[PDB]
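Below you'll find only one chain, the form solved without this ligand, shown as structure tokens.
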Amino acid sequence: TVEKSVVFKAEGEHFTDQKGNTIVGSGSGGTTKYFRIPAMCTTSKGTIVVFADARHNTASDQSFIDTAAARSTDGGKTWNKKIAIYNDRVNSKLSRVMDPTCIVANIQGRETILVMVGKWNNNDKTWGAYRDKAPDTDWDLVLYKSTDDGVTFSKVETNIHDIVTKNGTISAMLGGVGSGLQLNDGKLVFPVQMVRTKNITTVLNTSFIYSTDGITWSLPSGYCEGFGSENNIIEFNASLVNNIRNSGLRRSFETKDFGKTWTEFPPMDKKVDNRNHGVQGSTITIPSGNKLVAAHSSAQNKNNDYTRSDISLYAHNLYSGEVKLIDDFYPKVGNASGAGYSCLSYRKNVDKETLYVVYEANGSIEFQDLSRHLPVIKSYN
């Protein structure tokens, strides 16, 4: 609703802890140093809720991180901000909650916002390095929910750790990053990424977790190839279709048997190139009359490195396989310390359709209203 605003400003925000004391970060004046990994969910009231890692001290992934949330009830013009999930505070250099994935769903009639983040405390290396234990003793994946339109969040006591432990071949699991979905039948679905135990040949795989009530979750029996593992799933005709990060060309598979087997999905497979290393990207579907169109955001990465420039919006014709660049919304080189991530959000409330994007911009998280592009996108089918 505003065309563009700063949600969280690098070296310009101050948060308080659970006791009311300010969190003294490494930015100027003791502010939070950097923000990364934005996830956005819009409610039926039109409220925009944005989550992101508040990396207080450094952009580094192995550092002190809390999950910040920002809410706007005026179309993205102003934001009310606070911490939604605090890390455990076991280790002041490394305790962290990170990489949010959110869902906005009607669960049994109650509109709920779910946010899932991974949690670590003493691990000093990247998650992929811990493959001995099933699962890693330092790891956890926590789920919080809001049933009051994003004002308050509370932990959900779930069976996720149990399901992972029962499987016996997973060291750690994380959400796909960005947003998950509620299927036409009502089930909640979070795309996930996992690190397998040392015995498995494939270090990483992609899959999903599903639930009808948000409390008991299940993992399907099969697995999809990992690639760069961050991914999103869309529902198209009784198939679930994912769109996965990959260095070079992005990948896309479909499951017609609810997670047991996956085959390449031609309309979206290898259609967008993010260049060296790959980047997370956001994929959602938009209805157009009786059909569907997929909208996707990711970086063009013109420098072919970690600067991940030119974060853009693409439309994918799910019928013909055609792809078109709709708009290069952040046609700038990003900060190599951490850049290029994004999250799209589409909603039609009553008769009002909005398409919004949140993305990484030099340590800050920016917002843009892309609704103007809706007719062009909607024509792609």
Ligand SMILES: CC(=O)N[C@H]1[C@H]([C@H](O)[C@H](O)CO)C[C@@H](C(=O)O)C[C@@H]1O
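From 1 onward, residues are counted along the sequence shown.
What comes next is about the form deposited with this ligand bound, which is not displayed.
- For the three residues 55, 98 and 341, a heavy atom within 4.5 Å of this ligand turns up in the entry with it bound in every case.
- Proximity of residue 296 to this ligand in the entry with it bound: non-hydrogen atoms within 4.5 Å are absent; the residue sits far from the partner.
- Using a 4.5 angstroms threshold between heavy atoms, residue 217 stays clear of this ligand in the entry with it bound.
- Although the partner is absent from this view, residue 120 contacts this ligand in the entry with it bound, with a non-hydrogen atom inside 4.5 angstroms.
- Residue 36 belongs to the set of residues with a heavy atom inside 4.5 Å of this ligand in the entry with it bound.
- Here the chain stands alone, but in the entry with it bound its contact with this ligand, taken as any heavy atom within 4.5 Å, falls in 36-44 among 350-358, 23-31, 315-323, 36-44.
- Out of the listed residues 286, 107, 272, 174, 174 is the one that sits within 4.5 Å of this ligand in the entry with it bound by at least one heavy atom.
- 126 is the sole member of 126, 199, 154, 237 with a non-hydrogen atom within 4.5 Å of this ligand in the entry with it bound.
- Contacts between stretch 281-317 and this ligand, counted in the entry with it bound as any heavy atom lying within 4.5 Å, involve 308 alone.
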